[PDB]
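Asks: So that we are looking at the same thing, I have put the structure below in structure tokens.
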Amino acid sequence: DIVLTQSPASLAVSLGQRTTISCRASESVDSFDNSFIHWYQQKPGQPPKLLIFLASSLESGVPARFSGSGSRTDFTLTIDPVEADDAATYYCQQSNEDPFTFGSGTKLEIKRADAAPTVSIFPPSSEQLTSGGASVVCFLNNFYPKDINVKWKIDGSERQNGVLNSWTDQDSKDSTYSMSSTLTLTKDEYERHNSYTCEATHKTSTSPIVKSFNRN
Amino acid sequence: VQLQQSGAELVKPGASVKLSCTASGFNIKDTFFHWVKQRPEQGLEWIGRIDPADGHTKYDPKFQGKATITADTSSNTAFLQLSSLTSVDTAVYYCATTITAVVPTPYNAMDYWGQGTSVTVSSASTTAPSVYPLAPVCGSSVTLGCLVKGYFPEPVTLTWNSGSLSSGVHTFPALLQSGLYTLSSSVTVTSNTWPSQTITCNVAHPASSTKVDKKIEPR
Amino acid sequence: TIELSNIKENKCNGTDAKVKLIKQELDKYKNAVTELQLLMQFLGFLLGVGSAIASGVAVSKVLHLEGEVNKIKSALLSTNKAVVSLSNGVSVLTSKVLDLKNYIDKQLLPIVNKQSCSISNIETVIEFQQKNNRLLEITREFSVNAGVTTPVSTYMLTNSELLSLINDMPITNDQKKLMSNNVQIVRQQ
Amino acid sequence: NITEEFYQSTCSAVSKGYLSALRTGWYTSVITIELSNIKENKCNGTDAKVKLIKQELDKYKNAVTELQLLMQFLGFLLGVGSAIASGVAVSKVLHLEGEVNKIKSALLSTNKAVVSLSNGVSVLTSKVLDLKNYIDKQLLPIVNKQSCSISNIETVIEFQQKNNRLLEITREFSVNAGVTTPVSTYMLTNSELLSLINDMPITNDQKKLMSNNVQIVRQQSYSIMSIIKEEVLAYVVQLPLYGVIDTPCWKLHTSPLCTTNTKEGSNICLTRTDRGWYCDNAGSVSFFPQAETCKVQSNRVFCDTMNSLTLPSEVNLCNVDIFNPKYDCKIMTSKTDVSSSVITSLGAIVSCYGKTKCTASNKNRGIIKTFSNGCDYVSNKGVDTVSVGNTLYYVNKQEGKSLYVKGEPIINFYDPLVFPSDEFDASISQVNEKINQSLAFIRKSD
Ligand SMILES: [Zn+2]
Ligand SMILES: [Zn+2]
Ligand SMILES: [Zn+2]
């Protein structure tokens with residue numbers, strides 16, 4: 001099978017600059033005059049969208065900010081200028097030989113000014129407490145960069161068992177991230193303590209962001 | 001034009017499943033169809049292609065016996081049957097064709113894609129979700145939440161005010177913990193909107209045939 | 001065997017003379033394929049009654065079976081001559097005398113989709129009708145004879161193709177030299 | 001589907017599964033090509049682009065002028081038709097005054113119209129090629145626009161395609177004296193012929209039949225040159241219309257039946273002479289003695305009642321009991337005990353006489369049967385070839401079950417002393433008449 005090696009695996013690019021992605025083929029993907037390489041853009045939750053077909057042909061309806069180049073085993077996708085919507089993963093694909101093969105992907109991240117998270121903490125719902133469970137949810141919204149640290153403290157001592165963290169993918173409009181941290185306890189154990197504290201350590205400040213509540 | 005694929009699937013190990021992809025806006029006799037597999041955090045794997053006009057198929061041999069591609073011009077539908085499933089078959093399966101092209105080739109690029117069919121292989125039974133409203137602790141803007149805990153399998157669909165409240169929403173990917181899925185969603189509005197205006201979390205789980213609406217109410 | 005690509009309906013709007021020829025040729029080819037698909041679906045009195053093509057037809061009947069082509073198709077993917085054992089047990093030699101698929105699917109149609117059907121270089125359309133010409137005559141001869149031709153014309157089997165077929169026939173050098181020096185009679189029989 | 005019965009008693013076989021598609025009459029259409037008479041081209045000079053258009057216009061103008069010059073056993077029982085009488089009859093009507101103008105006016109706005117000719121008959125007419133408008137309204141305008149040195153080379157090639165068909169038509173008719181069969185692809189393309197069938201006054205069952213066998217229809221059709229008055233080339237297309245379809249049909253195969261003694265002379269032989277195709281239609285049975293002339297595709301038989309006899313249904317009795325009183329079966333007699341074989345639908349009849357080596361062989365096993373002297377039969381199930389003397393016959397491999405009807409050979413009921421040994425079209429009763437005349441006249445003298 002033809003193996004397609006894409007590089008870099010991920011990269012950060014500022015708005016308005018030009019950038020390039022590489023796709024290198026194991027064998028040549030040319031027949032006669034044509035290179036059977038294609039480029040697709042995929043954003044989380046959606047199927048891929050075709051950007052460039054054959055080597056350099058821009059698919060109809062795709063902005064002329066995308067261009068393709070290359071001839072035999074070496075191919076390039078260029079985005080110029082980079083926009084906020086372009087945060088996504090890009091795949092190359094060959095169809096010169098069966099089986100059709102895809103590259104392993106290049107994830108494009110949009111670089112923007114640093115932003116501290118907006119933190120919100122939520123005590124367990126009245127229905128869940130009736131259900132005999134107790135989850136404390138903490139939202140950390142619209143921050144940059146993705147790297148962040150969350151610690152849960154109960155009555156001032158750290159607790160890690162039972163924490164479940166889920167990040168969103170980069171927002172296509174404002175290039176921020178969001179993440180959800182849920183500490184799940186039993187109901188009986190929840191109402192045996194009083195202080196619940198949610199600590200976010202982010203490069204936007206040396207002192208961590210602390211949000212807490214006391215069980216009324 | 002539209003390619004509409006069938007819904008998410010839960011499959012016992014060793015059983016089989018047949019996926020469908022019904023085309024609207026064009027006759028499938030006039031193009032070629034491809035199926036593409038995408039495992040979570042994996043790459044894309046081309047399974048094979050079909051010419052619906054005569055049944056001609058070509059597979060990646062890796063999938064031979066495992067994948068069977070067929071088509072029915074009468075209902076304008078392409079199919080993928082996956083046989084004798086194991087956990088490595090848990091993946092998203094896509095339909096695809098060339099339509100945005102002067103002449104359709106089986107070697108042409110894939111310019112239209114179905115939305116994907118999410119196949120999960122597991123022995124576990126279906127479990128309906130619990131839906132919990134998250135009101136703020138008892139500023140200029142306020143953030144409300146909705147927690148959908150302990151369901152199986154994926155997916156669930158969550159909206160705010162029946163979809164009319166879309167800006168300021170963050171809906172987070174589901175995760176497995178202890179064998180079931182947990183997901184949550186936040187919505188941020190100005191503090192003048194709530195609790196002044198009613199805000200309701202809408203959660204549907206097709207697999208368990210449940211649909212509940214939870215209004216966010218102050219503590 | 002002749003390798004063909006089935007051309008699906010082209011979406012070429014425009015009345016530029018260049019487009020008019022490309023579309024004219026693509027439709028001309030599509031008709032031949034459709035035409036060929038229609039085809040699958042004193043003392044003389046003492047002599048006695050043979051069935052001239054009973055042997056050839058018997059081979060032809062086996063080829064109609066499901067996926068008998070794939071046996072043929074895989075055998076000739078790497079060379080142009082292979083012996084295939086059919087479902088009934090008969091091993092018969094098969095020959096690929098022409099590969100029109102690779103030109104159409106990987107040289108012509110890619111240029112069509114790239115240049116939005118407006119061909120720049122007229123030489124590629126003349127290239128096409130020449131590539132296309134033999135298949136058009138083969139389908140004409142069959143269309144006028146209800147699928148059975150005698151003598152075998154140079155469009156059915158070129159002169160070098162037949163001479164090469166003779167070398168691989170299970171016959172003595174006396175037979176090969178006899179047939180090789182009288183191809184025009186061989187064609188008539 | 002198809003089955004077969006071999007009658008050992010009379011050395012013959014009947015194949016029964018088939019279905020009829022009998023040509024019963026004709027349908028005539030008038031095909032027109034609208035072409036223009038061109039004035040002399042004033043394009044002088046040998047510029048390479050120029051010479052091609054001038055050459056192509058000249059091929060066209062000569063072709064028109066060429067066209068103008070051109071317009072100025074029991075087979076013997078059958079009887080003699082006139083194959084193209086109908087189409088020629090229509091063709092002559094087109095010569096009458098303003099008949100072309102009616103045709104020309106009818107096809108002015110569409111390419112198909114039904115025209116009532118002067119004699120009253122309405123015929124479909126088709127304009128299959130419009131060289132008049134192409135030349136006068138696209139090509140010659142582009143020449144004057146670009147002063148004969150065409151910038152865009154594709155227009156001359158566009159013309160050369162249009163002009164080729166008119167050149168092939170004029171080439172064919174130059175060799176056929178205006179009446180051809182089968183009708184060529186240049187005369188009527190496959191798509192045109194299929195389109196005529198949809199518009200013909202016949203049932204959808206007949207339209208579907210003809211559409212699925214255009215290559216047979218094409219072979220049974222005639223193309224008759226008519227006129228080139230005005231700016232029109234007209235020829236008549238004569239199509240077969242199959243008035244009898246899907247009735248049961250059966251083919252009879254026959255072979256010589258002889259006594260089996262080895263002594264060189266003194267053998268006496270007997271042959272059924274009614275071999276051929278049988279199709280019952282309209283309460284009778286239509287018999288086609290030359291089964292070569294009938295064309296078979298799958299299990300459907302296309303014959304032509306021009307080559308038939310119309311017989312009582314009682315003919316069928318000859319297969320089961322040759323001596324029945326209701327029909328006098330046709331036979332031939334000889335002393336020429338020659339070996340031969342007749343390949344049937346589902347097997348082979350082998351009449352093996354004298355010292356001939358007769359064998360049936362399998363592709364894998366080699367020789368698998370050696371025949372005794374006499375008339376016998378073998379099924380195509382286990383047998384691939386049959387070898388009689390130095391003749392190797394391959395057997396039909398059409399699928400179907402055959403069944404052997406054992407019986408005592410009919411020839412054994414005749415003694416060689418009174419047997420009439422030269423009768424080419426005699427009958428069961430006619431041989432008896434010559435036997436009784438010969439048995440009494442010789443006996444009475446003693
Ligand atoms: Zn199933
Ligand atoms: Zn070759
Ligand atoms: Zn033979």
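Residue positions begin at 1 at the first shown residue.
Header entry for method reads X-ray crystallography, 3.4 Å.
Just so it is clear, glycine is given a Cβ too, placed from its N, Cα and C backbone atoms.
Pasting the feature list from Swiss-Prot:
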CARBOHYD  D:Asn1  N-linked glycosylation site
CARBOHYD  D:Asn44  N-linked glycosylation site
COILED    D:50-70  coiled coil
REGION    D:73-93  region 'Fusion peptide'
COILED    D:94-145  coiled coil
DISULFID  D:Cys249-D:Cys279  disulfide bond
DISULFID  D:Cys258-D:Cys269  disulfide bond
DISULFID  D:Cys294-D:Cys303  disulfide bond
DISULFID  D:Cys318-D:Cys329  disulfide bond
DISULFID  D:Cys352-D:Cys358  disulfide bond
CARBOHYD  D:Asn436  N-linked glycosylation site
Asks: If you run through the region 'Fusion peptide' (D:73-93) with DSSP, how many residues end up as helix, strand and coil?
Replies: 13 helix, 0 strand, 8 coil
Asks: Count the Cβ atoms, other than its own, that fall within 10 Å of the Cβ of D:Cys318 (disulfide bond), considering every protein chain shown.
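Replies: If we count other Cβ atoms within 10 Å of D:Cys318 (disulfide bond), we arrive at 24.
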Asks: Using DSSP reduced to three states, classify D:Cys303 (disulfide bond) as helix, strand or coil.
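Replies: For D:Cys303 (disulfide bond) - judged by DSSP and reduced to three states - the answer is strand.
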Asks: Look at the disulfide-bonded residues D:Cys249, D:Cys269, D:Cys294, D:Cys352, D:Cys358 and tell me which residue has the greatest number of other C-beta atoms within 10 angstroms of its C-beta.
Replies: D:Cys249
Asks: When C-beta separations to chain B are restricted to under 8 angstroms, which of the recorded positions D:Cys318, D:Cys358, D:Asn436 qualify?
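Replies: Cβ contacts with B: none found.
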Asks: Which whole-number value in Å describes the distance between the Cα atoms of D:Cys303 (disulfide bond) and D:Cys329 (disulfide bond)?
Replies: 23
Asks: DSSP on D:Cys279 (disulfide bond), three-state: which is it?
Replies: strand
Asks: How many Å separate the Cα atoms of D:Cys279 (disulfide bond) and D:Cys294 (disulfide bond)?
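Replies: Here the two Cα atoms lie 12 Å apart.
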Asks: Taking the Cβ of D:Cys279 (disulfide bond) as the centre, count every other Cβ atom within 10 Å, in any protein chain shown.
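Replies: There are 25 such Cβ atoms around D:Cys279 (disulfide bond).
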Asks: Calculate the distance in Å between the alpha carbons (Cα) of D:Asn44 (N-linked glycosylation site) and D:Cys294 (disulfide bond), and round it to a whole number.
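Replies: Just about 58 Å between their Cα atoms.
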Asks: Where's the emptiest Cβ shell within 10 Å among the disulfide-bonded residues D:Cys258, D:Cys329?
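Replies: Fewest other Cβ atoms within 10 Å, among the disulfide-bonded residues D:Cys258, D:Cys329, is found for D:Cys329.
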Asks: Among D:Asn1, D:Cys258, D:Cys269, D:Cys294, D:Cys358, these being the recorded positions, pick the one whose CA is nearest to that of D:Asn436 (N-linked glycosylation site).
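Replies: Comparing Cα positions, the candidate nearest D:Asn436 (N-linked glycosylation site) turns out to be D:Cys269.
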Asks: Based on Cα distances to D:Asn1 (N-linked glycosylation site), point out the closest of the disulfide-bonded residues D:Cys258, D:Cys329, D:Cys352, D:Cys358.
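Replies: Smallest Cα separation from D:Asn1 (N-linked glycosylation site) among D:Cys258, D:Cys329, D:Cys352, D:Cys358: D:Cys329.
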Asks: Within 10 Å of the Cβ of D:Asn436 (N-linked glycosylation site), how many other Cβ atoms can be counted across all chains shown?
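Replies: Other Cβ atoms found within 10 Å: 11.
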Asks: Taking DSSP as the reference, which of helix, strand or coil describes D:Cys318 (disulfide bond)?
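Replies: DSSP call for D:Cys318 (disulfide bond): helix.
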Asks: Sequence order is fine: just name those disulfide-bonded residues in D:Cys294, D:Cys318, D:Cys329, D:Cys352 with a Cα within 10 angstroms of D:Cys258 (disulfide bond).
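Replies: Checking each Cα against D:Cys258 (disulfide bond), the hits are D:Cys352.
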Asks: Rounded to a whole number, how many Å is the Cα of D:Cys294 (disulfide bond) away from the Cα of D:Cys318 (disulfide bond)?
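Replies: Just about 22 Å between their Cα atoms.
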Asks: Check the Cα-Cα distances from D:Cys249 (disulfide bond) to the disulfide-bonded residues D:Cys269, D:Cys318, D:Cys329, D:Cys352, D:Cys358 and tell me which is shortest.
Replies: D:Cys318
Asks: Between D:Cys318 (disulfide bond) and D:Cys269 (disulfide bond), how many Å separate their Cα atoms?
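Replies: Pair distance, Cα basis, whole Å: 18 Å.
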